[PDB]
Amino acid sequence: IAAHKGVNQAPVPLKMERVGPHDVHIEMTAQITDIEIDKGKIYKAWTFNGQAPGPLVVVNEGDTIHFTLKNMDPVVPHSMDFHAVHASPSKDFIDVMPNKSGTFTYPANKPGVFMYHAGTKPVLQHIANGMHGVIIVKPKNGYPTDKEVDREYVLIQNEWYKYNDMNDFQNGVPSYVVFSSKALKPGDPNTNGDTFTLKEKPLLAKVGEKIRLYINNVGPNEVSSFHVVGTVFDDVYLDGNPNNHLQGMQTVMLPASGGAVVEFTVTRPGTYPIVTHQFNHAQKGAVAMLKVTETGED
Amino acid sequence: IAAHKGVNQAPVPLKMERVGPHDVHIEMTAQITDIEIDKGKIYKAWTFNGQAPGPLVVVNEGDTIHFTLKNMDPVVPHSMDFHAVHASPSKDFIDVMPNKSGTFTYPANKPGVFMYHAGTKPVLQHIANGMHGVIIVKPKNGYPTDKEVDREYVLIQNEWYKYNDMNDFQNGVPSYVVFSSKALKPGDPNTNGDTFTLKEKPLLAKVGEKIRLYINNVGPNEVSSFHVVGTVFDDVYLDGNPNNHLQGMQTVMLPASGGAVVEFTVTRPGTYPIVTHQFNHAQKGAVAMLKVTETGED
Amino acid sequence: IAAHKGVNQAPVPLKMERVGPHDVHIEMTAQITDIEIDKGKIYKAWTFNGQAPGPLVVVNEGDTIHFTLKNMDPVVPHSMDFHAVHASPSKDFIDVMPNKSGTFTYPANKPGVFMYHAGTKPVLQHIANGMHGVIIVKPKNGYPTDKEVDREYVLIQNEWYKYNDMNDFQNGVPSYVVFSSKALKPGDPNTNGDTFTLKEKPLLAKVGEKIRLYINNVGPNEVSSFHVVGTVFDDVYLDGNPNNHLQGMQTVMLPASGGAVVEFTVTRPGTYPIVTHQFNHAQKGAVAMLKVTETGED
Ligand SMILES: O=N[O-]
Ligand SMILES: O=N[O-]
Ligand SMILES: O=N[O-]
Ligand SMILES: O=N[O-]
Ligand SMILES: O=N[O-]
Ligand SMILES: O=N[O-]
Ligand SMILES: [Cu+2]
Ligand SMILES: [Cu+2]
Ligand SMILES: [Cu+2]
Ligand SMILES: [Cu+2]
Ligand SMILES: [Cu+2]
Ligand SMILES: [Cu+2]
Ligand SMILES: [Cu+2]
Ligand SMILES: [Cu+2]
Ligand SMILES: [Cu+2]
């Protein structure tokens, strides 16, 4: 895109603040940012806030979100669709033009781990170019296993294709399939979807801990067969809804846009790969590492 | 197929009648019919009754079906396999030759949303050419959420490939992935699997309604990540069996031939896309529209 | 691989023995063996014990497995990952070098139908070349439907690609998708993943029986839409965990590495195909036959 040539906008922090007991303001940007998706390979991504996937949003069940999108792209319109909310797509997920802003208000009344993405036609183009992320809606009454959990992380799976190639997006195999992690607190890792970061800088844990991961497969096109090597999921909650509760799974099937909360134990020290078990995708990048030490540091 | 050149058989209505409290007669045809699957693109489909997917069949749990197939194809044999029934495939799903008829009897003793299709080798060829559909078996005791439901529709997802090309069927990506809707009553829309009808003529609803969709992904080859934009499914029943009950899902994973009953609320007026969230397939046709008005008309 | 040219190692029996009430010794080989995967087509497979998929392992919930792998491959290292166990992947799933042995100890504390495979980088290469199988962990308290079951079989789905072709493994469609069956007792069939054996030599049953199948889709890359023609699954237990219980399904979605216990009735005599309903894969080999007779023999 000629107007994107030499555009590289620096990442903007997510702006959030609570304005009432069940009302929250969120402000995000649409912006064009270069991300290194594999060693030596830059993708000029269409992003929220200069991250792909975008920043993590965490709200509580029953919050109303008053959301503002500032479009920094000089030519392409962008929009936001949150899977968490009930809204009118043709009134509330509409396009925000270049250098313009839009504000929208809608409720999050279901707990879970939800995809968000741009809703601008062709949606495939916006998702594939990087406009995806996750919003977590915390359940009012928690999960039944909350007392047993020691440590929490967020992981997101996405694909990358040949740059802005609609034929490849529609008809091709992914070039790369990747994990990223987003921070539930400062001090947690917060990364972009790339083939290497979570191998070189693993997630940490301590021997004996019960780990909770909040996971979402944003696609755009593939399903995921999510598995942690060396363990079995003790509990699974499909889409993060506490009522959707499975036990003792080896692997969790996730549709495109599907989420889960998964919990498992790590019993021995060592390095534990995290994969999609569709091993063509794992080979193309989708392996993250969990390093489990006798202290929880390293 | 040389004997199909210039054959275009007009659609025949489904013939059904109840002959006892738990016995029902159904008569269907196998016939060759041109269907416009995308603007300007005719597919000479192998069909039941001149529709692809075929006509909707609705029976009650515990009905015995006395089914007749009349084969109008002048050269190719066809057969019927209903997923709803218990039967002997080699005695009851057998081929009916050209210009011949066959009658078969079998029970439907499980509730749900079931695929039907031809069982004639190679089955892939018959399904891909259009010989698929859905049979709904109503549960004797209903669903637990029946009192909350305001409006019901049936949607079916299928793929189309290059015309009668067994290499493409086996090894290729779909050319088109489409939705259709079938009528649960006269006045409901009843359409074929095409890229456009349910965009140009949306399904209707009224603000505030709880909507039930009975859905099946007939394939032949792909899985589906079924999602309604702007809402969250309040309740899901896998394969339409009332015992298989999930809540608060964003997206429902359907195998090839898999079904579901899904229920959701629409809270604001506007146009609500209905997608598979495998967005390469949505881009290739699989977007239907739900128009929600302040009165339920337009 | 030049050191594999003319290597064809004969199949070795699985060596197992119980050494305490909750301790079991298993000894397996890694070996190179020619298997006929389709008529006229030999694949020089990388195998456990000269079978692909490997031999069935059955243990009880809470058993500790003391596992030895003898690597008979003259050049390539191999390793074992059992999905059933809790272990440290970097200490317990490590490579065993050529002509060397390794012993590892880990517990199986969850019931179900679990994949096993090599863990040697690149894992995709080892799985695709044939290093996969299933371990069944029996539940201490059985399944709730155990009294109703008449007959049990194990079926495994896998893919084959162009021989040892990493480009094809990562980017290509499968050449063949196949079922095999493994014996739960001597007298049961025990076969390799090929396009023909379970068509030419069907599984047997008797009219009226409730059949239990323990199934796993080992991949490496595809999902499975598992279906028995002519029946409906009465009960399904996802991953073989008795708590994960669905009823009345037509088709079961399995991720890559996913398992299930499924149970169904066969009401009439005849031949009942067993398929993945992703019919491109069924066309490429994944159809097995169940022959149901008035006596249970033939
Ligand atoms: O309360 N609206 O930003
Ligand atoms: O065992 N997981 O690759
Ligand atoms: O009762 N048979 O058509
Ligand atoms: O939010 N659905 O595309
Ligand atoms: O008890 N170890 O083989
Ligand atoms: O009805 N199964 O192909
Ligand atoms: Cu406000
Ligand atoms: Cu965008
Ligand atoms: Cu979406
Ligand atoms: Cu009759
Ligand atoms: Cu046909
Ligand atoms: Cu079928
Ligand atoms: Cu020992
Ligand atoms: Cu190996
Ligand atoms: Cu594995």
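The basis for the numbers below is simple: all heavy atoms, side chains too, and nothing from hydrogens, waters or symmetry mates. All ligand and atom numbering here is 1-based and tracks the order in the structure. Note on naming: letters A, B, ... go to the chains in the order of the sequence lines (proteins, then strands), and numbering restarts at 1 for each one.
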Minimal non-hydrogen separation, C:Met249 against C:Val252, with atom names: CB-CG2, 4.5 Å

No-hydrogen, no-angle side-chain donor-acceptor test under 3.5 Å, C:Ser181 and C:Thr191: no

Pair A:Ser225-A:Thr251, side-chain donor/acceptor within less than 3.5 Å: no

More than 12 heavy atoms from other groups under 6.0 Å of NZ on C:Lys199: yes

Metal site the Cu ion (ligand 12): N/O/S of C:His227 inside 2.8 Å: no

Residue and atom, protein N/O/S, under 2.8 Å of the Cu ion (ligand 14): C:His78 ND1, C:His126 ND1, C:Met131 SD

Parallel, tilted or perpendicular: rings of B:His126 and B:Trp46 (30°, 60°): perpendicular

Salt bridge present between C:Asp234 and B:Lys110 (N-O < 4.0 angstrom): yes

